[PDB]
Structures are given as C-alpha cells and as structure tokens.
Amino acid sequence: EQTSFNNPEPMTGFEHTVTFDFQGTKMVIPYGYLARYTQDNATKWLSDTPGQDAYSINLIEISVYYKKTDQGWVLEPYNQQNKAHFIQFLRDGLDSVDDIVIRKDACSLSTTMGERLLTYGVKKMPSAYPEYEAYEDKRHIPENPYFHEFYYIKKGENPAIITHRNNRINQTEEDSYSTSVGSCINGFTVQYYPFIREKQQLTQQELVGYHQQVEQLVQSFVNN
C-alpha cells in the first residue's frame, strides 16, 4: 500500500482522519493525534491515500499534549492553540507531549500482578477508585534512601498497570518521578510513559484521570 503526506497542518486536529487496518480491525484516527507522521517542519501530515484500502499495520503511535485545567489534566491533539508545544516535541522531545503506543495484540497482563507485588513486600493501599487496586513501596533500602514506587492495577475487561517511581539515586539530586502504563483496551495493547516532563510526584487521581482519557480516546477510534 502507498503512503502519502497530503494533509495540511491542523488548526483543531479534527480536520481529517486517517484510517488504519489492524488485522481486519478498522481504526479511524483524527490526524491531529498523529504528530509523529509529518514532513517538512510539520507542514505535511499523513493522509489517507485514494486507491488503497487503509494502512495495514501492527502498531501506531499517537501523540497527545497534556494540559493543566481547573477540572484537571486534559489531553489534546495538535491544534492552533497548542502547536508550539508539539513543534518543540517534534524538534527534540522536550515538551509536554506524550507518546501512546497502540498495537493489535493479545493481552499479556496477568490477573496475579497484585499477588506478586505483595509477595515481594509491596504494600497494599486504599484506592481512590473502586476499579483500581493500589500498591505502594517505600521500604528503607540502605544504598538507595530515595526509593519510592506506586502501583495501580485495573482489572476487568480492559486491564491496566500503572507504575510511578522515584528515579533519584544521589543525595545531590532532586526527586524525579516518572510513569509507565501498560494496558489492554478492546483487542489492543496500549503502552506509554505519561507526564513525560513532570518530575513531581503525582496522585492516583492524576494518573487514573490520564488513563481514563486514553481509554476513551482509543475506544473512540474503533467505535466510529
């Protein structure tokens, strides 16, 4: 199948969609979520190619700008208001834009991850969400006094594990948190490092809030 880059730069992110075929599953993505697939200083954007069915692929990476509001963090495609952040991200990666990796694949998250955390001495914590179980590990380790990890596990039909962790190793450094999310959403595995430019510790509400938008977004692509 032939590739083309014949869509102009977005103002809303919703001007065009690109249609993908994942082993027979149709995904229809608003092109503003596809910042990685542009040419000429992001003036040419990936497009559907007439004559061809749909890009037949195994995986796609969407990109979202994350923004503080008074109702919380929201995720946005490329638009005229946030464009400078995406352009900085495309230039060197140093802006508040995250990559979400979507693959059509069997879910490989076990239902026994929580058991394994507890088996290793991670502590079970009360959770702000009924659908999540929450875990924390802040053991004193002699050669790393800054160790701190959180885990949030969603089960049911669309499981997820969220790991938020302090990366600081030296006394001379500031605390530096980072997050990984592995999940399964309606036949896709969806893996990402959210809040990529955030060094500060995040609450369960900020993490789960982010992921809830990721699910809704991914489900919007297949729903049509």
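Residue numbering for the sequence shown follows the authors' numbering, starting at 44 and increasing by one per position.
Where is the CB? At the ideal position from N, CA and C, for every residue including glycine.
Below 8 Å on the Cβ atoms is my guess for residue i versus residue j; work out the distance and round it to an integer in Å.
i	j	result
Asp91	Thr62	6 Å
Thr232	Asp142	Wrong, their Cβ atoms sit about 14 Å apart, outside the cutoff.
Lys69	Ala97	7 Å
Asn213	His191	Their Cβ separation, rounded to whole angstroms, is 15 Å, which puts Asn213 and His191 out of contact at 8 Å.
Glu217	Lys242	7 Å
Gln244	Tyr220	5 Å
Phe264	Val71	6 Å
Nearest CA to the CA of residue i: which residue from the options?
i	options	result
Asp180	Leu160, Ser106 and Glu216	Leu160
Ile184	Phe238, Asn50, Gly164 and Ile196	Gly164
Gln123	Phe57, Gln82, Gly115 and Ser47	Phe57
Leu102	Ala78, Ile145, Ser139 and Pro120	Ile145
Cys150	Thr46, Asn229, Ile105 and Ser223	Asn229
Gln45	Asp83, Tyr74 and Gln95	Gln95
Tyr109	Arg240, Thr246 and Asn210	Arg240
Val251	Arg211, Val265, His207 and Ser263	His207
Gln114	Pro51, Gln82, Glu249 and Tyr194	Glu249
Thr222	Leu152, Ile205 and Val107	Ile205
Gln82	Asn50, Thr155, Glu174 and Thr215	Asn50
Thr155	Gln256, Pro202 and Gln243	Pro202
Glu200	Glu104, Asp138, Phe264 and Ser153	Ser153
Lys167	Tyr178, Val117 and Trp116	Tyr178
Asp135	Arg79, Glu258, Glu158 and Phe264	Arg79
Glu104	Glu258, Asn84, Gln262 and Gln234	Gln234
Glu186	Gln262, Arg211, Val224 and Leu137	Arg211
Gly157	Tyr194, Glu258 and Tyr172	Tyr194
Kindly identify the DSSP beta-bridge partner or partners of residue i.
i	result
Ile100	Per DSSP, none; premise fails for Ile100.
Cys150	BP columns for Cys150 are empty, so no partner.
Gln82	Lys87
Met54	Note: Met54 sits in no beta bridge, so no partner.
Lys181	The partner list for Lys181 (beta bridge, DSSP) is empty, contrary to what the question assumes.
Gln234	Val144 and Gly225
How long is the line joining the alpha carbons of residue i and residue j, rounded to whole angstroms?
i	j	result
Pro237	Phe48	27 Å
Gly67	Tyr76	21 Å
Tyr121	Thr86	12 Å
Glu119	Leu89	18 Å
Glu176	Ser226	15 Å
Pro73	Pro93	17 Å
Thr162	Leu133	42 Å
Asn266	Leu260	10 Å
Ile196	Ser170	10 Å
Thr246	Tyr253	11 Å
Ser106	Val140	6 Å
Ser99	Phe65	6 Å
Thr55	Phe129	13 Å
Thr60	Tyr189	45 Å
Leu137	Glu174	33 Å
Just reading off the beta strand (DSSP E) that residue i is part of, what are its end residues?
i	result
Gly225	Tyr220 to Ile228
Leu118	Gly115 to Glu119
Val71	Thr68 to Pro73
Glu186	No beta strand (DSSP E) holds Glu186; DSSP gives it neither H nor E.
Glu192	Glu192 to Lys197
Please list the terminal residues of the continuous alpha helix (DSSP H) segment that includes residue i.
i	result
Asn201	Where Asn201 is concerned, there is no enclosing alpha helix (DSSP H), given that its DSSP letter is neither H nor E.
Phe132	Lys126 to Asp135
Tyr253	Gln247 to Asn266
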